[PDB]
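S.K.: Take a look at this one; I'll ask things after.
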Protein chains: 2
Amino acid sequence: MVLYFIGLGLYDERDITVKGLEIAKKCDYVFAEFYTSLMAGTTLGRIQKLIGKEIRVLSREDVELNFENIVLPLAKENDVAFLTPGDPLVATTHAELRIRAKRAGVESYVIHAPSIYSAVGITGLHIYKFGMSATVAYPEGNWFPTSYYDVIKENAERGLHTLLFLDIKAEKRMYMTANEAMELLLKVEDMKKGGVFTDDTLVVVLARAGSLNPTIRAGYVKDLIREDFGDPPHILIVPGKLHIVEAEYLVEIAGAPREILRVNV
Amino acid sequence: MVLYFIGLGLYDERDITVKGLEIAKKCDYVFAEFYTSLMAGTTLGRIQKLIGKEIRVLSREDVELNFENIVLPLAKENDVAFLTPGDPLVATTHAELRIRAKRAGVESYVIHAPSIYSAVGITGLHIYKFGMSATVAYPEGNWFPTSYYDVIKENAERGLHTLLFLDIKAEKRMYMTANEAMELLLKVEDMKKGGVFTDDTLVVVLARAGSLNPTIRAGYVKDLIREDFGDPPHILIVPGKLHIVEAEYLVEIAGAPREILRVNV
Ligand SMILES: Nc1ncnc2c1ncn2[C@@H]1O[C@H](CSCC[C@H](N)C(=O)O)[C@@H](O)[C@H]1O
């Protein structure tokens, strides 16, 4: 009579922790959602095969409006698992689902998995130096989101790095590329003119973290804006002031222009 | 010819990912370090038994000073693994180790695992709202470090949460407790008087993240400073102003006083 929130990790079915797998294998019912992120290296069947169970996939509406009608009822007489990409409680509104479980008299446990939030460490940028995070959302109709531009500004101002999650329209199979994010940001700079994001801004692109060969690229917007970083998902990072070793890693591992080695302390 | 940076995850031997375990099992040599952090819910013996390989433990000096003489030589003609608690490359100086590998003509791949940077999402605090992170260090002799106090100040000022890592002396196996961290901060506040950390400050304590039964507590310093949060490791967080949903989580899941619903929102 329990509910397990189990993260599946970054790229494929093997990114789940051993703990998550052994527990998932023994659950009576297994649900999952794949709209909060993209696991570009696996498939549902591959996942079902590994866990050895049938997985009922839920839409954003099933979860947000009917979690307590579809999932919680079964958790009262059985052990239920709710699988999600990355870590189940990161950059999502899933934490509130634990409140729903509590109110329905269901105990819940959380099994973590690798998250893009810590995976950014592979960019060479010190993780403690990351400031507030944000999401670049697709404009819709006459609505053009821009708050993420202010986040970058506020962080950069403090010498902190900015992690930018990119938009996703799962039902439309749409995954915002770093290129599209850069285009949108230049447009916002054009509007606000704060000098926050321009053709000369240094950025870092991390694509398909979790795979053995992710694409890690660093450089000026003017040079990367049209570069092909491979299939999604992508995340964009706008570094703040760099430490010598961060610059060195970006140049040696991410192919950044050797000129960034010369930091303006 | 290949070096694998493999994370062991948060708490015990089952926190490594399926991908990480399988890769580690195919490596000719396996190294590990436990000075950046320790796996409090397991032992080297249990990790060794699970991986089915003997594990050579390296000290901080072994890694920082001689990584290229101890680990890289073997990586030239064998598959080598380097295990670390949490997610690889999160520890500040680890990213640079990949540069050493490149310089030695050794290929390196990163296998991610759960990190406290993302696991703190279990506190119900929105991940995007976290600002710069810091480590609370013990004062020693004539040295009284307080930069972590300024980090909290700058974050809270902008409505951001502050993740605080607590001092650890791996070799001596001694952990700074959340209780001690609070005492130090109150002491730092008495000196700087910036109105950053007082008896009325709301804090969150996370202990044994990764275990199936972690300790998650939220409340004011005056009530938690002498509370028993259990065995280490402990993580201290000083939230900025809360979203009502964050406050509700803290009350319903972390036993926070209902008072935060009006005071810290
Ligand atoms: N493997 C990966 N590589 C690059 N970006 C990724 C990624 N996985 C997730 N993301 C980024 O994060 C967004 C989803 S946000 C949800 C994050 C998830 N709970 C976690 O713990 O990672 C995506 O739209 C994308 O921009």
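Labels used: A, B, ... for chains in the order of the structure tokens, numbers from 1 for residues in each chain, and numbers from 1 for ligands as shown.
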Contacts between ligand 1 and chain A, please, where a residue of chain A counts if it comes within 8 Å (with only C-alpha atoms and all ligand atoms); show its shortest atom pair and distance in Å to one decimal, rows by chain and ascending number, as a tab-separated table.
M.R.:
residue	atom	partner	partner_atom_place_in_ligand_line	distance
A:7	CA	ligand 1	21 (O)	7.8
A:9	CA	ligand 1	21 (O)	7.1
A:10	CA	ligand 1	1 (N)	4.3
A:11	CA	ligand 1	1 (N)	5.2
A:36	CA	ligand 1	16 (C)	5.2
A:37	CA	ligand 1	14 (C)	4.1
A:38	CA	ligand 1	8 (N)	6.1
A:39	CA	ligand 1	1 (N)	6.6
A:40	CA	ligand 1	1 (N)	7.5
A:84	CA	ligand 1	19 (N)	7.2
A:85	CA	ligand 1	18 (C)	5.9
A:86	CA	ligand 1	21 (O)	3.7
A:87	CA	ligand 1	21 (O)	3.7
A:88	CA	ligand 1	19 (N)	5.3
A:89	CA	ligand 1	19 (N)	6.0
A:90	CA	ligand 1	19 (N)	4.1
A:91	CA	ligand 1	16 (C)	4.8
A:92	CA	ligand 1	16 (C)	5.9
A:113	CA	ligand 1	21 (O)	7.5
A:114	CA	ligand 1	21 (O)	6.6
A:115	CA	ligand 1	21 (O)	3.6
A:116	CA	ligand 1	22 (O)	3.9
A:117	CA	ligand 1	22 (O)	5.9
A:135	CA	ligand 1	26 (O)	7.9
A:164	CA	ligand 1	26 (O)	7.1
A:165	CA	ligand 1	26 (O)	4.0
A:166	CA	ligand 1	26 (O)	3.6
A:167	CA	ligand 1	24 (O)	5.0
A:168	CA	ligand 1	24 (O)	5.2
A:175	CA	ligand 1	24 (O)	6.7
A:176	CA	ligand 1	24 (O)	7.2
A:206	CA	ligand 1	4 (C)	5.6
A:207	CA	ligand 1	4 (C)	4.5
A:208	CA	ligand 1	3 (N)	3.8
A:209	CA	ligand 1	1 (N)	3.7
A:210	CA	ligand 1	1 (N)	5.3
A:211	CA	ligand 1	1 (N)	7.3
A:214	CA	ligand 1	3 (N)	7.9
A:232	CA	ligand 1	4 (C)	7.0
A:233	CA	ligand 1	4 (C)	4.6
A:234	CA	ligand 1	4 (C)	4.1
A:235	CA	ligand 1	26 (O)	4.3
A:236	CA	ligand 1	26 (O)	7.5
S.K.: I need the contact residues of chain A against chain B, so if you could list those with any atom within 8 Å, counting only C-alpha atoms, and return them as a VMD selection string, that would help.
M.R.: chain A and resid 14 to 19 87 89 to 91 95 to 96 98 to 99 102 109 to 115 117 to 119 121 to 122 124 126 to 134 160 210 212 to 213 245 249 252 to 253
S.K.: Among range 64-263 of chain A, which ones does DSSP assign to strand (DSSP E or B) (computed from the backbone)? Answer as a PyMOL selection string.
M.R.: chain A and resi 79-84+86+107-111+130+134-136+140+143+161-166+168-169+174-175+202-207+209+211+215-220+234-238
S.K.: Please, what distance in Å, to one decimal, runs between CA of residue 198 in chain A and CA of residue 151 in chain B?
M.R.: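 About the pair CA of residue 198 in chain A and CA of residue 151 in chain B: they are 28.3 Å apart.
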S.K.: Leaving out residue 259 in chain A and any residue of its chain fewer than 4 positions from it, which residues lie within 10 Å of it when counting only C-alpha atoms, given as a VMD selection string?
M.R.: chain A and resid 219 247 251 263
S.K.: Keeping N, CA, C and O atoms for every residue in the selection just given, could you write it to a file as a PDB file, in the first residue's frame?
M.R.:
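What ended up in again_35.pdb:
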ATOM      1  N   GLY A 219      31.248  28.583 -26.824  1.00  0.00           N
ATOM      2  CA  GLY A 219      31.712  29.580 -27.770  1.00  0.00           C
ATOM      3  C   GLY A 219      30.814  30.796 -27.822  1.00  0.00           C
ATOM      4  O   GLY A 219      29.889  30.931 -27.026  1.00  0.00           O
ATOM      5  N   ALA A 247      37.611  27.930 -17.795  1.00  0.00           N
ATOM      6  CA  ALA A 247      37.971  28.331 -19.153  1.00  0.00           C
ATOM      7  C   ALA A 247      38.814  27.240 -19.821  1.00  0.00           C
ATOM      8  O   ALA A 247      38.565  26.875 -20.969  1.00  0.00           O
ATOM      9  N   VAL A 251      37.836  25.106 -23.251  1.00  0.00           N
ATOM     10  CA  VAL A 251      38.689  25.114 -24.435  1.00  0.00           C
ATOM     11  C   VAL A 251      39.191  23.719 -24.808  1.00  0.00           C
ATOM     12  O   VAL A 251      39.105  23.312 -25.962  1.00  0.00           O
ATOM     13  N   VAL A 263      41.014  35.359 -19.071  1.00  0.00           N
ATOM     14  CA  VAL A 263      39.907  35.913 -18.306  1.00  0.00           C
ATOM     15  C   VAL A 263      40.207  37.335 -17.846  1.00  0.00           C
ATOM     16  O   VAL A 263      41.340  37.656 -17.484  1.00  0.00           O
TER      17      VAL A 263
END
S.K.: So which residues touch residue 202 in chain B within 9 Å, counting only C-alpha atoms, skipping near sequence neighbours fewer than 3 positions away, as a ChimeraX atom specification?
M.R.: /B:197-199,218-221,238-240,260,264
S.K.: Could you tell me, as a list in words, which residues of range 198-227 of chain A DSSP assigns to helix (DSSP H, G or I) when given the backbone?
M.R.: residues 221, 222, 223 and 224 of chain A
S.K.: For a test of reading the model, state the distance in Å between CA of residue 185 in chain A and CA of residue 261 in chain A, rounded to one decimal.
M.R.: 25.1 Å
S.K.: For residue 187 in chain A, list every protein, DNA or RNA residue within 12 Å, evaluated using only C-alpha atoms, and leave out those in the same chain fewer than 2 positions away; present the list as number ranges by chain.
M.R.: A: 139, 144-146, 149, 180-185, 189-199
S.K.: Those residues you just picked out, can you put them in a file as a PDB file, in the first residue's frame with N, CA and C atoms?
M.R.:
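out.pdb written:
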ATOM      1  N   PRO A 139       7.287  31.284 -27.632  1.00  0.00           N
ATOM      2  CA  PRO A 139       6.247  32.311 -27.554  1.00  0.00           C
ATOM      3  C   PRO A 139       4.970  31.650 -28.084  1.00  0.00           C
ATOM      4  N   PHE A 144       4.769  36.655 -25.481  1.00  0.00           N
ATOM      5  CA  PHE A 144       6.200  36.411 -25.652  1.00  0.00           C
ATOM      6  C   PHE A 144       6.932  36.453 -24.302  1.00  0.00           C
ATOM      7  N   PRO A 145       7.169  35.278 -23.691  1.00  0.00           N
ATOM      8  CA  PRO A 145       7.860  35.168 -22.394  1.00  0.00           C
ATOM      9  C   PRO A 145       9.264  35.774 -22.449  1.00  0.00           C
ATOM     10  N   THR A 146       9.685  36.441 -21.376  1.00  0.00           N
ATOM     11  CA  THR A 146      11.007  37.059 -21.347  1.00  0.00           C
ATOM     12  C   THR A 146      11.703  37.022 -19.980  1.00  0.00           C
ATOM     13  N   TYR A 149      15.358  36.141 -19.338  1.00  0.00           N
ATOM     14  CA  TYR A 149      16.391  37.093 -19.724  1.00  0.00           C
ATOM     15  C   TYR A 149      16.853  37.837 -18.472  1.00  0.00           C
ATOM     16  N   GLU A 180      17.325  27.584 -31.295  1.00  0.00           N
ATOM     17  CA  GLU A 180      16.073  28.328 -31.149  1.00  0.00           C
ATOM     18  C   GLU A 180      16.083  29.190 -29.890  1.00  0.00           C
ATOM     19  N   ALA A 181      16.714  28.683 -28.830  1.00  0.00           N
ATOM     20  CA  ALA A 181      16.792  29.419 -27.575  1.00  0.00           C
ATOM     21  C   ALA A 181      17.627  30.670 -27.792  1.00  0.00           C
ATOM     22  N   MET A 182      18.734  30.518 -28.510  1.00  0.00           N
ATOM     23  CA  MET A 182      19.609  31.648 -28.791  1.00  0.00           C
ATOM     24  C   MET A 182      18.913  32.705 -29.652  1.00  0.00           C
ATOM     25  N   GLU A 183      18.115  32.259 -30.619  1.00  0.00           N
ATOM     26  CA  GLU A 183      17.395  33.191 -31.482  1.00  0.00           C
ATOM     27  C   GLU A 183      16.426  33.995 -30.628  1.00  0.00           C
ATOM     28  N   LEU A 184      15.664  33.302 -29.782  1.00  0.00           N
ATOM     29  CA  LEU A 184      14.688  33.967 -28.923  1.00  0.00           C
ATOM     30  C   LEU A 184      15.350  34.984 -27.991  1.00  0.00           C
ATOM     31  N   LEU A 185      16.499  34.618 -27.431  1.00  0.00           N
ATOM     32  CA  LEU A 185      17.233  35.500 -26.529  1.00  0.00           C
ATOM     33  C   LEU A 185      17.752  36.757 -27.233  1.00  0.00           C
ATOM     34  N   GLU A 189      16.945  40.604 -26.302  1.00  0.00           N
ATOM     35  CA  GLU A 189      18.003  41.589 -26.108  1.00  0.00           C
ATOM     36  C   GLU A 189      17.655  42.798 -26.972  1.00  0.00           C
ATOM     37  N   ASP A 190      17.173  42.527 -28.179  1.00  0.00           N
ATOM     38  CA  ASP A 190      16.805  43.585 -29.104  1.00  0.00           C
ATOM     39  C   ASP A 190      15.742  44.467 -28.463  1.00  0.00           C
ATOM     40  N   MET A 191      14.830  43.835 -27.737  1.00  0.00           N
ATOM     41  CA  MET A 191      13.754  44.539 -27.058  1.00  0.00           C
ATOM     42  C   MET A 191      14.224  45.283 -25.807  1.00  0.00           C
ATOM     43  N   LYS A 192      14.827  44.555 -24.870  1.00  0.00           N
ATOM     44  CA  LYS A 192      15.282  45.142 -23.612  1.00  0.00           C
ATOM     45  C   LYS A 192      16.604  45.907 -23.675  1.00  0.00           C
ATOM     46  N   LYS A 193      17.477  45.513 -24.594  1.00  0.00           N
ATOM     47  CA  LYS A 193      18.767  46.166 -24.776  1.00  0.00           C
ATOM     48  C   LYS A 193      19.564  46.345 -23.488  1.00  0.00           C
ATOM     49  N   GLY A 194      19.657  45.282 -22.693  1.00  0.00           N
ATOM     50  CA  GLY A 194      20.405  45.356 -21.451  1.00  0.00           C
ATOM     51  C   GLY A 194      21.847  44.920 -21.643  1.00  0.00           C
ATOM     52  N   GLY A 195      22.168  44.456 -22.847  1.00  0.00           N
ATOM     53  CA  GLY A 195      23.519  44.001 -23.126  1.00  0.00           C
ATOM     54  C   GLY A 195      23.788  42.671 -22.450  1.00  0.00           C
ATOM     55  N   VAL A 196      22.718  41.945 -22.151  1.00  0.00           N
ATOM     56  CA  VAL A 196      22.818  40.654 -21.479  1.00  0.00           C
ATOM     57  C   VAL A 196      23.148  39.490 -22.421  1.00  0.00           C
ATOM     58  N   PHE A 197      22.488  39.438 -23.572  1.00  0.00           N
ATOM     59  CA  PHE A 197      22.725  38.359 -24.527  1.00  0.00           C
ATOM     60  C   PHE A 197      22.918  38.919 -25.941  1.00  0.00           C
ATOM     61  N   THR A 198      24.146  38.863 -26.444  1.00  0.00           N
ATOM     62  CA  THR A 198      24.446  39.375 -27.775  1.00  0.00           C
ATOM     63  C   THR A 198      25.265  38.363 -28.557  1.00  0.00           C
ATOM     64  N   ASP A 199      25.614  38.722 -29.789  1.00  0.00           N
ATOM     65  CA  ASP A 199      26.400  37.842 -30.645  1.00  0.00           C
ATOM     66  C   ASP A 199      27.760  37.523 -30.039  1.00  0.00           C
TER      67      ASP A 199
END
S.K.: For the atom pair CA of residue 45 in chain A and CA of residue 74 in chain A, what is the interatomic distance in Å to one decimal place?
M.R.: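 Distance reported for this atom pair: 22.7 Å.
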